[PDB]
Amino acid sequence: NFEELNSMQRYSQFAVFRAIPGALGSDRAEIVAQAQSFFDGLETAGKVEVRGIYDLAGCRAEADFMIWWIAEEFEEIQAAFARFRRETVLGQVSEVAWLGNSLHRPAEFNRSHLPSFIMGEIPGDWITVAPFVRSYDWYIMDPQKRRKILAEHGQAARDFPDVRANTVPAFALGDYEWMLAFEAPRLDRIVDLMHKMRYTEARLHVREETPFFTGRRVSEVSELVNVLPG
Amino acid sequence: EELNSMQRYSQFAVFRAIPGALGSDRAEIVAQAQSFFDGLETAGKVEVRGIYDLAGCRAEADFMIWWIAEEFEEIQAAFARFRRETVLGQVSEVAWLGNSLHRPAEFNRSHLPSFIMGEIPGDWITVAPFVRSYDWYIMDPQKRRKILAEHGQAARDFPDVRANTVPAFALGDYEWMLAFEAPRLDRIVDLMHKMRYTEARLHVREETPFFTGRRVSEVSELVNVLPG
Amino acid sequence: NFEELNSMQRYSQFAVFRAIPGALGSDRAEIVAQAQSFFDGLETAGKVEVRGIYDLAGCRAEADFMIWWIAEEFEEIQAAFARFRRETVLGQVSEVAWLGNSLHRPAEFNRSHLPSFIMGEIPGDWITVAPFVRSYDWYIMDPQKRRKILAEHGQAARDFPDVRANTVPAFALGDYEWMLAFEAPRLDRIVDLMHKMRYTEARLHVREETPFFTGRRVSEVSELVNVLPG
Amino acid sequence: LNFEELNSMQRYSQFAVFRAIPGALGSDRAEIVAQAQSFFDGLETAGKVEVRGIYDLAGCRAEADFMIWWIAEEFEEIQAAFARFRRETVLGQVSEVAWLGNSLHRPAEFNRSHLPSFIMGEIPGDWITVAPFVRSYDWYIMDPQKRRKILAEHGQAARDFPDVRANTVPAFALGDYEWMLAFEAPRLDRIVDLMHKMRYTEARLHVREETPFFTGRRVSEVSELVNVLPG
Amino acid sequence: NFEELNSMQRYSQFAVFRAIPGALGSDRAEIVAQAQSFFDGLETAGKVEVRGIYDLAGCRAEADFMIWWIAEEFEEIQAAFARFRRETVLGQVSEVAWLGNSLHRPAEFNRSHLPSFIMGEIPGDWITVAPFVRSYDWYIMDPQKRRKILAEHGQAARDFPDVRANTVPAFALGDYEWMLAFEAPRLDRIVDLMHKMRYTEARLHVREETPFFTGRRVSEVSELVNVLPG
Ligand code: FEC
Ligand code: FEC
Ligand code: FEC
Ligand code: FEC
Ligand code: FEC
């Protein structure tokens, strides 16, 4: 029944940043120590949980890295986000590219469908994040019809148990209806999942699903900072 | 009634912080900004419903001023004065302006904006424009009336979310300005989710950008969070 | 007479400008005097008619003011636009934001429908200008159905005789089919006109109608120059 | 004319639209004019790239100030002249690329006497409007007899505008569009009126995109343009 | 059949860059030599295969050149992409304009249809690259209908065996569904192929297909660097 897990309050934010060429320089040791200190402090304060930091190099123009963090209260994410930008050189030398905000809620029909991060699953080595906006008719549609469509949609993913879904309401937290995050040990599994999921009636009820942000989880800030353009 | 006939223009003036412009020495900037707002209050022409920290809501937006006046020129003067004579306005950029003009509802004359009713502003706010489908206003009137009544019924479980829907024709690119004010952000999220389950959603063309943020108590609160 | 007004050749341009923070400064008396002389000169030269200069402060991001000028030859506007930008402090410190160009022509079915500025009517204290693009099927539609639609469109505006219309062809003069300008003594009259005109069948034949620019006609240049950001 | 030779010849066409960088030109422009004029002299001398005209787009739209229309047998020759203009002239160094409209002349599908004014070797018009074009998805798979009829009525709608010379040119894979369009006339109002009239055609039911438009006046020499540009 | 060529794992990236005016200057010989040694190094490491470097001069605003490279693992592309931007002057004076990422997979119906780069075919002297997004209904269409539509699509290109196609899944690797590249000895044949391919029923099942990037494969880096704006 997952009643407790369906009832908890957790805001989730994908903070996507772009490197400013020429800003970081080549002596990045102090910049890495400071950034690491900032994340250390977040962990100990216990309010904002960093699920991952991601190297988005080569995914798209105008984005380079992403922080996925989660908190019981959105003002806690606000504070940390603002703190990153204001009180760390890394945040001072990066530009905000895109923010994907969401608030976990129970599914309408399948109460066993819960985000990977809510289930406490270890995060995947590879991720793709994107927003979603359903067709205008999607929610006023007869409920048994929508139920059947979502049942097919889930069935279409049967061969990809290794790809972990995170489908989270984003209404009023930006321009979208949902935040999506797919975690997997291998990028090719996410590509193949997305390709297979095109073969679903649910595709007839879609309005927007970009931008996509795809990248590799790093073990520590030093691994990301060293990759960035100077 | 007298409220349905009241004249108030309302403006959501959304601003973006220019990285590197504010610096780390903001004491004088705060005091000057507070004097601007204090001066507005005692002149008594423009009412500031709230100033809002939008940090983390979206790229390219950082804070919002919601102010109201009887005449649009009064808002024009305050907006220009803020950009012209306060450092905070000089080192900020205008991201988006949401303008509206209070008018009665086409059917429900009791439906009145929270700011017209003088209600205390909410800790959390979501602001956005709205554009109906092309066919919406030439629809049969009782059909539209019924659709809007069911729309409102779907919000019954959210009496703590206060709504403001105000005409915005010719005051920019939109038909309506919306503001929802609540004591907790999650109430606003859940209201929008629930309100998707309505026939009115078959008659929508545009509803973005959204701006969501926390009301602050004084300008110092906001200035001290900005990126700098 | 009416034939003379329908056959007149008049180009019209809405030149919308954006202030550049930091360029104008705080000592503006000479800036004002110089701009007043430029427009005074325009008046006396007798080629370009300045119908108004409008404070757009607060209408939209990225615009601050607008010049509405008219001439028999588009080259006369090009010269006045180029001379404004090149030879006045005000034009040097402004960016061009949008240009709305149009060429007066007779209406298709009602040759008594003429732009306010062609009638020679005094300009209104408040204005809204915007482009317009009709649906693809509008002009090839049965002429009698389009005629009836426009007749009803006109009737829906009956309650707003104090709001003066200007509807002018804009084909090939930018990205639009028509330029619109609505002039009124109070802004609320324009807002309520636009709202009422939604209740017309012509709304089913629209493709584009943004950006809108709305503001206050100044009595002299000083009113505008003194409000702009420094 | 030799319609067969005109239809089979290979010519690429590029509308290169530029915007002046504010504050970049300055008030001392003679050296820039002499250098730019020397550049166009060189192109004419080499005989590869043909400049049909340089156009002053003042007052047409924000973010565009002038346009070069040049034509060559080989696209690489346009690439070379375009790059050399930007790289080796101050004019090109202090301007920004706003928009590029590339095309390759081909015979028309039904009326092989319909040829671009530039292929016919006609004097270029004093006024020009250029724009891309993208047809509806269904346009090409349509019954050919139906498409033919629609295009015949389209051409008929322009019967009163023989002074406006058309250039309709394929643009597939040379940018984001299906056609490049250029209409050349002795006065601007003729183009405005032609476009208005052409809305009254069935072809309008098979359109997807037709912007941005770039409209302006042909200059006689580089000096006339450089001296109008915003400082 | 082509079992091995169809099961092969290859990521492909089109990395489109734009020149930063004023950055390169007129001193370029050492920049060329450093870039050449960067690509020589990639070759010797044997992980990332550069299929071509392309001069896009004159194709479109805000793009100037493209790298087409291929690797078994996407992280190897990320590393080369990041190393190009970080450790070569050429990378540092260029801006990322657009990235076009794809992952080779077997065709749905015709497993003899394989990308030209997967077939080991020599790259073409001229290229056009673009993304693709099909209509929402494409993949749920009856399979035999879609098969028929694609067979007629392939038939329409029968006169163009000289233009070699690369159609590659792009799901989750950006905002698109497919990456397309068409390589030929002559540019005019690519234009003619695209024209002809409009005459197919598949065209009724299309949503997005831009931006296009078209240009000439260079024989060496110096041919590219010396044409770029200074
Ligand atoms: C990938 C992907 C997308 C984006 C691409 C597209 O939609 O085709 C995608 C799109 C969405 C979107 C919006 C929603 C939000 C609900 C809606 O009203 O749209 C959304 C929500 C749900 N998804 Fe979804 N998805 N999805 C999976 C992956 C993808 N999903 C995988 C895998 C599974 C299967 C495993 C799982 O349950 O964890 C799965 C199942 C569900 C269920 C549970 C249905 C059930 O089985 O009854 C719900 C609820
Ligand atoms: C949230 C939200 C939106 C945007 C999302 C959506 O469109 O689904 C939203 C959309 C709009 C838009 C445009 C209009 C403007 C009128 C029109 O023609 O569009 C608009 C206008 C009205 N709303 Fe609306 N809304 N709305 C609420 C919240 C939201 N509303 C809540 C709560 C209530 C419940 C009542 C109350 O609190 O006043 C409510 C009811 C009304 C009534 C009164 C109907 C009645 O009860 O008979 C009018 C008139
Ligand atoms: C406001 C407004 C818009 C934009 C909003 C919308 O389209 O709903 C608006 C849209 C357009 C557009 C395009 C055109 C161009 C013609 C076409 O083919 O679209 C356009 C053209 C016409 N309008 Fe229009 N309008 N419009 C008024 C206000 C607005 N109008 C008012 C007031 C009156 C009434 C007073 C007058 O004649 O001056 C009025 C009447 C006309 C007539 C004359 C009709 C007649 O036979 O009675 C013509 C022709
Ligand atoms: C202006 C204008 C446009 C853009 C606006 C619009 O689409 O309404 C415009 C749009 C297009 C477009 C795409 C094409 C490309 C073919 C396609 O399949 O769409 C395109 C192609 C053709 N046009 Fe077209 N036009 N067009 C003229 C002006 C405009 N035209 C004038 C003038 C004439 C008449 C004189 C001339 O032939 O030179 C004329 C006729 C033709 C013929 C020859 C028809 C014949 O059989 O009679 C062909 C082929
Ligand atoms: C050009 C061009 C486009 C983009 C323009 C437009 O779509 O009209 C174009 C679009 C696409 C797109 C997406 C796909 C991806 C699959 C899908 O579901 O969309 C896509 C996929 C395929 N194409 Fe395609 N194309 N295409 C060729 C050229 C173009 N193609 C040429 C040449 C040949 C023929 C030679 C070859 O097999 O390599 C050819 C054939 C195929 C086959 C094999 C069909 C078969 O014969 O049964 C498949 C699979």
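Take D:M180 and tell me if it is more than 18 Å from D:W70 (Cβ to Cβ), surrounded by 18 or more Cβ atoms within 10 Å (Cβ to Cβ) and within 10 Å of ligand 4 (Cβ to nearest atom).
So D:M180 does not fit the description; no.
Would you tally the residues in the range A:193-230 being more than 9 Å from chain E (Cβ to nearest Cβ), surrounded by fewer than 22 Cβ atoms within 10 Å (Cβ to Cβ) and assigned to a strand (DSSP E or B)?
Going through the range A:193-230 one residue at a time, the tally reaches 3.
Has the range C:145-159 got any residue that is of a type in the set (D, E), surrounded by fewer than 19 Cβ atoms within 10 Å (Cβ to Cβ) and within 28 Å of B:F72 (Cα to Cα)?
Yes, because at least one residue in the range C:145-159 is of a type in the set (D, E), surrounded by fewer than 19 Cβ atoms within 10 Å (Cβ to Cβ) and within 28 Å of B:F72 (Cα to Cα).
Quick test for you: out of E:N110, E:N101, pick the one residue that is in contact (Cβ under 8 Å) with a residue 12 or more places away in the chain, more than 24 Å from D:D176 (Cβ to Cβ), among the polar types (S, T, N, Q) and away from ligand 2 (no atom under 16 Å from the Cβ).
E:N110
Just the residues that are in contact with a helix residue (DSSP H, G or I) (Cβ under 9 Å, 6 or more places away or on another chain), surrounded by fewer than 21 Cβ atoms within 10 Å (Cβ to Cβ) and within 19 Å of E:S102 (Cβ to Cβ), please, taken from the range E:1-33.
Answer for the range E:1-33, where residues must be in contact with a helix residue (DSSP H, G or I) (Cβ under 9 Å, 6 or more places away or on another chain), surrounded by fewer than 21 Cβ atoms within 10 Å (Cβ to Cβ) and within 19 Å of E:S102 (Cβ to Cβ): just E:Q9.
Kindly provide the set of residues from the range D:1-51 that are closer than 30 Å to C:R18 by Cα, among the small types (G, A, S) and assigned to a loop (DSSP other than H, G, I, E, B), ordered by number.
Result: D:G23, D:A24, D:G26, D:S27.
Specify which of the listed residues (B:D186, B:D190) is at the interface with another protein chain (Cβ under 7 Å from one of its Cβ atoms) and in a helix (DSSP H, G or I). Before the answer, list the steps.
Values: B:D190 fails: at the interface with another protein chain (Cβ under 7 Å from one of its Cβ atoms).
Answer to the selection: B:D186.
Which condition from (1) free of Cβ contacts under 8 Å to residues at least 12 places away in the same chain; (2) among the polar types (S, T, N, Q); (3) within 10 Å of ligand 5 (Cβ to nearest atom) is the one that E:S219 breaks?
For E:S219, the exception is condition (3).
With respect to the numbered conditions (1) under 23 Å from D:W139 (Cβ atoms); (2) of a type in the set (K, R); (3) in contact with a strand residue (DSSP E or B) (Cβ under 8 Å, 6 or more places away or on another chain); (4) more than 16 Å from ligand 1 (Cβ to nearest atom), which one is the sole condition not fulfilled by E:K148?
The one condition E:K148 does not meet is (3).
Starting from the range D:178-204, take each residue that is closer than 16 Å to D:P132 by Cα and without any contact (Cβ under 8 Å) to a residue 12 or more places away in the chain and list its partners that are surrounded by fewer than 18 Cβ atoms within 10 Å (Cβ to Cβ) and acidic (D, E), counting only C-beta distances under 9 angstrom and pairs at least six apart or across chains.
D:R204/C:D137
Considering only residues of the range D:160-181 that are away from every other protein chain (no Cβ under 11 Å) and touching a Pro at 6+ places or on another chain (Cβ under 8 Å), which is nearest to D:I119 (Cα to Cα)?
Among them, the one singled out is D:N167.
Among the residues of the range A:17-52 satisfying the criterion of being of a type in the set (D, E, K, R) and out of contact with any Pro (no Cβ under 9 Å at 6 or more places or on another chain), which is nearest to the other protein chains (Cβ to nearest Cβ)?
A:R18
Any residue that is under 30 Å from A:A97 (Cβ atoms), polar (S, T, N, Q) and in contact with a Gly (Cβ under 9 Å, 6 or more places away or on another chain) - is there at least one of those in the range B:62-77?
No, the range B:62-77 contains no residue that is under 30 Å from A:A97 (Cβ atoms), polar (S, T, N, Q) and in contact with a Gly (Cβ under 9 Å, 6 or more places away or on another chain).
Identify the residue in the range A:165-183 that is in contact with a helix residue (DSSP H, G or I) (Cβ under 7 Å, 6 or more places away or on another chain) and part of a strand (DSSP E or B) and, among all such residues, is farthest from ligand 3 (Cβ to nearest atom).
Here the residue is A:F182.
Looking at the range A:130-147, I want the residues that are acidic (D, E) and have a partner that is within 12 Å of ligand 1 (Cβ to nearest atom) with Cβ atoms under 9 Å, at least 6 apart or on another chain. Which pairs are those?
Sorted first by the residue in the range A:130-147, then by its partner, the pairs are A:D137/A:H205.
Would you say D:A157 is within 14 Å of the chain's Cα centre (by Cα), away from ligand 2 (no atom under 16 Å from the Cβ) and over 30 Å from E:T128 (Cβ atoms)?
No; evaluated as a whole, the condition is false for this residue.
Mind checking which residues of the range A:34-91 are touching a strand residue (DSSP E or B) at 6+ places or on another chain (Cβ under 8 Å), among the β-branched types (V, I, T) and in contact (Cβ under 8 Å) with a residue 24 or more places away in the chain?
Correct list: A:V48, A:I53, A:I67, A:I70, A:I77.
Laboratory data are not the source of any read-out in this text; all were calculated from the coordinates shown. Cβ atoms come from the backbone with ideal geometry, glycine included; neighbour counts cover every protein chain shown.
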